[PDB]
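See structure below.
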Amino acid sequence: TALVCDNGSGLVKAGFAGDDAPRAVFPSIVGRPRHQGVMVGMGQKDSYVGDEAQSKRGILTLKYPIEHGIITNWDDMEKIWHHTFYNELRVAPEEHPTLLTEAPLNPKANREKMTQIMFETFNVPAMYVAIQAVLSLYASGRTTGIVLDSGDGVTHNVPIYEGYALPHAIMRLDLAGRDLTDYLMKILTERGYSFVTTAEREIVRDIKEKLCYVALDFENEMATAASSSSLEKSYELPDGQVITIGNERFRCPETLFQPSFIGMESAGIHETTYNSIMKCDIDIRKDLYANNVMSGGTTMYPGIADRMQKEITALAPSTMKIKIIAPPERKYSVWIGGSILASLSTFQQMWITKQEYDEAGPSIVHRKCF
Amino acid sequence: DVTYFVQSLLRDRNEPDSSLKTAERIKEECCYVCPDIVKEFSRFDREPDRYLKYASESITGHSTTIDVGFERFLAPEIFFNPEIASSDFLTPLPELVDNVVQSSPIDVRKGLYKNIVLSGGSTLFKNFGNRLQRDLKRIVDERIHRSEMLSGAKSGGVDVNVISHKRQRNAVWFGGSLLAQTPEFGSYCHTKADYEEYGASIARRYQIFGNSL
Ligand SMILES: Nc1ncnc2c1ncn2[C@@H]1O[C@H](COP(=O)(O)OP(=O)(O)O)[C@@H](O)[C@H]1O
Ligand SMILES: [Mg+2]
């Protein structure tokens, strides 16, 4: 059995090849205490990871070692991988080959450090670093499609046709669920609610995924919200205080379609999906429009597939079907795809074995992986 | 100005709604012209159903209820005591209509009092034409009686008639329609051929007033 670990910017998804869902899903977080430890005994630690850090968060400064799909803190990332293998999966990593994941257009140093740590500290026998949106296409059961993947740190489009990616047509956008969470912290302040500690950011992250949705026509939903009570919903803080919220439920996700809400110059996710299809060869575009695959947690909003279908139908020529493909399990589809790829009987020649790393060093990964 | 006064009175009572549409709708439905505001303030002590309750819906789409009180009579009083509205204008409408007819030539004064036509939406207040007629008839007969008492002989008087009519709400448009139907109408217009010669200066000269040159 191989391991599959999808190193998300916000969640680790981890498990074994050939299983149909991840065994471990937990925050991609390390927390450290920020207050006086007055009491001796009673089960304390200098640091906490994942669900322990999420449960104790009132007393901790939380941080994510991933920013925009790049590992920015390697000592904390080792603590997350150690927690993944030894606490959450309960395996010796020296006994199992591991499939890892990253975003396209990442720094080469990210992939070099990620292969080095895995051989040189976890003693893994063989490992691989797949592109996240190539794995999401395996889970969808397809050879052709353009995959919009949006997680916690990155949004990316990669078009694939008959098993070939078009690497020049790949689009990347460093705007996803962390930027939507921080923009919800911004606009909750105008309703009178202040969220500022990194623990309060996790409350706003939970408000975002229980209350926010994508408006099919934003300017009509703004008019509807300005003239109705029916738009508004309430949320219970951990304090038992109840907040109430209205147009902020669809203004937050609309940042994906209008990145200028957070002061970005970027085109929206509909425009970058169309720009990626229009960078492809003219013969493949028909099959990419019919196979717009959506994946990752920032695609889980109510109404996002319908706004995405409406907007790409407004960009494309009217004579061919735009189909947005939005599986109900699409929040895990990168990990599902890694479980398929690591289970395929043709893949076992493609692993980087430690025997290759022992002669080539960490630069082996750039010639074994896409 | 009577809407801004209604709005200002709702706002002085801190009523749940004082939006401009709600002050407008309280003029059209609740307001009327009384004989005298100190007697009518006293009637709002003597009789309790003089205060109305007005149901209004907010800009953000929920119900409210407004108590409407002395603005029912005090707001239409703006025409009959403009010192309520303004520092800059002081003469009440019945005295102002007297000043129009007494500055006008003597042979047309019976005709000008015999036919005082009301026009425009803000003349539609309940009892407005009756307050104007009685207060102007008072001004007119006090002026005639000063002359009868000097001369020792009774006059024929003058009938003051204030006229409210079925087209009063839009009388300017209905008149414009009736006058533009005339066979001669196209001869009173500026034609674009006049404008091609003289430009916008063709329309500059006052029609209603006496011009020099
Ligand atoms: N149901 C949801 N609705 C909206 N946002 C969600 C939802 N579920 C998760 N998210 C957001 O998506 C991100 C987690 O999705 P995931 O695909 O696991 O991202 P990643 O792999 O990069 O860590 C977080 O930023 C979270 O705020
Ligand atoms: Mg991710």
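Heads up, residue numbers simply count up from 1 along the chain you see.
Per the header of the entry, the method used was electron microscopy, 2.7 Å.
Placed from the backbone N, Cα and C atoms, the Cβ positions cover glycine too.
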Annotated residue, tele-methylhistidine, per Swiss-Prot; candidates A:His35, A:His68, A:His83: A:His68
To which of the residue ranges A:7-20, A:105-118, A:147-160, A:245-258 does Swiss-Prot assign the term region 'Interaction with alpha-actinin'? A:105-118
Out of A:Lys56, A:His68, A:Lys79, A:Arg172, point to the one nearest A:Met42 (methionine (R)-sulfoxide) in space (Cα versus Cα); all of them are modified residues in the record. A:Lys56
Residue counts in helix (H, G, I), strand (E, B) and coil for the region 'Interaction with alpha-actinin' (A:105-118), per DSSP? 11 helix, 0 strand, 3 coil
Intrachain neighbours beyond the region 'Interaction with alpha-actinin' (A:105-118), with Cβ under 8 angstroms and 6 or more residues off its ends: 7, 69-71, 74, 77-78, 81, 93, 98, 124, 127, 129, 156, 170, 172, 352, 357, 362-366, 369
Determine, to the nearest whole angstrom, how far the Cα atom of A:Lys79 (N6-methyllysine) is from the Cα atom of A:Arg172 (ADP-ribosylarginine). 28
Which whole-number value in Å describes the distance between the Cα atoms of A:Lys56 (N6-malonyllysine) and A:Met39 (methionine (R)-sulfoxide)? 16
Just to verify a number: CA distance, A:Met39 (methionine (R)-sulfoxide) to A:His68 (tele-methylhistidine), in angstrom, no decimals. 38
Distance [Cα-Cα, Å, rounded] between A:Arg172 (ADP-ribosylarginine) and A:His68 (tele-methylhistidine): 10
